[PDB]
RNA sequence: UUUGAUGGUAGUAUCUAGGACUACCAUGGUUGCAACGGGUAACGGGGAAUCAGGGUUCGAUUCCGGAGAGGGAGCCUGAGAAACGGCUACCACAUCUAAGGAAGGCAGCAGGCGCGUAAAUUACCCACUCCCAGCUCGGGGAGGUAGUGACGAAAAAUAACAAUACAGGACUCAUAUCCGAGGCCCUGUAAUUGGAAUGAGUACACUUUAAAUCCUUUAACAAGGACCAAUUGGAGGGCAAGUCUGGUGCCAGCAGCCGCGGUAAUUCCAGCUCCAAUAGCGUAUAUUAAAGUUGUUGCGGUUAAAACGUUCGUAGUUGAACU
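Protein chains in written order, with the authors' numbering: chain AY, 4 to 129; chain Ae, 74 to 131; chain AX, 1 to 143; chain AJ, 4 to 184.
What follows is the structure in structure tokens.
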């Protein structure tokens, strides 16, 4: 497989303790890569404990054979859970909360406008 | 004044309705322009045809 | 011939061509408001209507044939016009008081050929596209 | 929003539609380059007329005034980097002599025939649009790829292709699949 | 210009100038260089369509500005509103009512009726761009994102390489507007047959994204035409294209115009073919070019349309040389 992850546009910043990096991934024989096995071999790039890799952005070139994609390396495991647009941990699966469902929720906040303080209507019928 | 109108469709109850039954899906756009390219150059008589036509019978 | 060739006659020139454009028959046709007052079409390409009677227009001589037109009242402002139907068949396919779609004929409003006065042309009848039912690719519903 | 389809529209239909002495000038252009139809023909004629009017209205000014030169050299460089015109003819007059029948042979659908690989100019539309061609690393699936001048050194196969053998047909796989049935 | 019109003057009023409003004087102010009035199928501008130039037509429409939320008027709070996803009334429409009464404005996003030639989902989320709040975190049908989508732009399926079958000219050569051999630097028609490719689909997984789908990337499947089967128009001229065959007989009809048709039709209706542009193309209305038929560039006025019957004449337009 071996994926030949070669990295460019490399720059680090301790403004948010990160390593900005775009990586060139080659697709030699089979298909486009899956993200979770790039992790432990980009944890063979600098050995940065593969659950803190977060290499989430990719697009395969035309014809088949290449992929230039973004990889932001946090330094610590909870600086990875500090700044972090939270739907990126929705991909690196740790979070799924609160069905709303963004239509039933936006009629919750309008139905409970006709109560006064106590909200005695939410306890009876539902 | 006006006589009548019911003489409409006199041809359609008169023609003996012969049909085609066949004819062969042909070479379309990419290959149509090379079939008709050689028909500009298949024999190409190279003659003054004495006031003739390109695709008549004779 | 004529025109003032002095340096400060831009006042006269744009006055004149404004004055004299009102002799042109093509300018003044589109600048008088009669695409709504005189046009039984509502200043537009098509119109819909409901027919009244299927009639025979006597064609202008040298040609001599009754021409099988249809006199229709369009619903936009209730005016009653006469349209021509093409492609013989075309009146055993009408069956009077079906809703019709009507268009122009081609000479930018006024009449065209051997048919005197008739300026409009029937396009669809009862939604089923008269040019396509003439070649029997669509069938008019028996409902 | 925005203007999204910012047109710069090609595919100009001809002025007078039927007359033969221009209709059959362009018909054997489809013969010598096995094109699709007439819209590929006047597309480059549309492309030729814009660089002409550029070179026309540049020629209405004097050298050395910097209006003429500075859009001048950017015109001829984009031609010779493509390479339809070349390095002996590098001023504003020889571009006016350029007609279309050298522009329609700088396309990659004819470059694949000028090297002994296509075996037909009508096979060359099929081989390009079957993902069996490559320029310099890139697999290209269009006939109208205008090639650059130094890019001419690198049109080869891709070895991504089933020639020579990667899933080799796969009608070659079907060669030994028709036997068990 | 009574009932502010133009100015002076003192005031009031407003955040402030000001006839903005009041009181008193003055009689001004605009006008053929088009005022005033009317029309407008008029929101203005950036800009859009089309030409060699000069131009004509359009601009409801994503950007700036104005304007308004059924029709008018009024107004509260607020730094900011004459706010209507605030209130108050009248007018018009509608709503509930146990008949006392109570509330309503989708020219926000979707959706329904209606009018119509004429215009899509009662979908998903704030990851984006930014905005707002007490404000790293909430909210935002602003916004992004799928579903409809031939308005419009772009790249391009509908075959390709060979064999013999039958066949053409041409190349060598018997020969020369006759004629054989290698038929051939040829091409067609072959449900002859046998081969090489392949994306169209399809399907594991992948990438994709807020979560997705589609494309791209894709392990397995997938072409022999009988099918994965391209149609829209025309074949008198203008206008590239059968003096084809049956039908009808100034009929039916066709035709933008010219013209066709009256028991031989190059124009109808069909068969057999052919030609144009091609995932397109035909028709209708408008508009630009064509138009040297609106003429500044650039027309015409003896007879084709056109020098006032005549001369004065103000506005206007044009005006000798000289430093």
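All C-beta atoms, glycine included, are put in the ideal place defined by N, C-alpha and C.
The three-state reading of DSSP puts residue 82/AX in strand, counting E and B together. Under the three-state reduction of DSSP, residue 86/AJ is assigned to coil, being neither helix nor strand. C-alpha of residue 61/AJ to C-alpha of residue 116/AJ: approximately 37 Å in a straight line. Contact residues of the region 122-150 of chain AJ toward chain Ae are 125, 128 (C-beta to C-beta distance below 8 Å).
For residue 42/AY, the closest of 5/AY, 67/AY, 17/AY by C-alpha to C-alpha distance is 5/AY. Comparing alpha carbon positions, the residue from 44/AJ, 101/AJ, 39/AJ, 37/AJ closest to residue 28/AJ is 44/AJ.
The region 9-19 of chain AX makes no contact with the region 35-51 of chain AX: fewer than 3 CB pairs, one atom from each, lie closer than 8 Å.
With the criterion set as a beta carbon lying under 9 Å from some beta carbon of chain AJ, the members of the region 106-123 of chain Ae are 106, 107, 109, 110, 111, 113, 114, in sequence order. The beta carbon of residue 84/Ae falls within 8 Å of a beta carbon belonging to chain AX, placing the residue at that interface. Taking C-beta separations shorter than 7 Å and ignoring five residues to either side along the sequence, the partners of residue 101/AX in its chain run 46, 48, 123, 124, following chain order. With fewer than three CB-CB distances shorter than 8 Å, the region 75-84 of chain AJ does not count as touching the region 33-50 of chain AJ. The Cβ of residue 66/AY sits closer than 8 Å to at least one Cβ of chain AJ.
Between residue 72/AX and residue 66/AX, the C-beta gap is not smaller than 8 Å, which leaves the two residues out of contact.
Chain order gives the chain AX residues near residue 81/Ae as 68, 88, 89, 90, 91, 92, where near means a beta carbon separation below 8 Å. CA-CA distance, residue 59/AY to residue 73/AY, rounds to 6 Å. Under the 8 Å Cβ criterion, the region 15-23 of chain AJ does not count as touching the region 105-120 of chain Ae, having fewer than three qualifying pairs. Annotation: Cβ neighbours of residue 163/AJ in chain AY (cutoff 8 Å, chain order): 66, 67, 68.
Taken atom to atom, the span from the alpha-carbon of residue 130/AJ to that of residue 163/AJ is near 14 Å. In this structure, residue 55/AY lies away from residue 19/AY, with their beta-carbon atoms at least 8 Å apart.
Comparing alpha carbon positions, the residue from 73/AJ, 154/AJ, 105/AJ closest to residue 94/AJ is 73/AJ. With a cut-off of 8 Å on Cβ pairs, the region 26-33 of chain AY is in contact with the region 62-76 of chain AY, counting three or more such pairs. Nearest to residue 46/AY by alpha-carbon distance, out of 101/AY, 104/AY, 76/AY, 107/AY, is 76/AY.
Here residue 85/AX has 68, 69, 70, 91, 94, 121, 122, 130 as same chain residues with Cβ atoms under 8 Å from its own Cβ, once five neighbours each way along the sequence are excluded. The C-alpha of residue 113/AX is placed about 25 Å away from the C-alpha of residue 28/AX. Fully enclosed alpha helix (DSSP H) runs of no fewer than 4 residues occupy 38-45 of the region 14-67 of chain AY, in order along the chain. Sixteen is the threshold: when 16 or more other Cβ atoms of the shown chains lie within 10 Å of the Cβ of residue 33/AJ, as they do, the residue is buried. When C-alpha distances from residue 82/AX are compared across 88/AX, 61/AX, 110/AX, 138/AX, the shortest belongs to 110/AX.
Taking 8 Å as the CB threshold, residue 102/Ae lines the interface with chain AJ.
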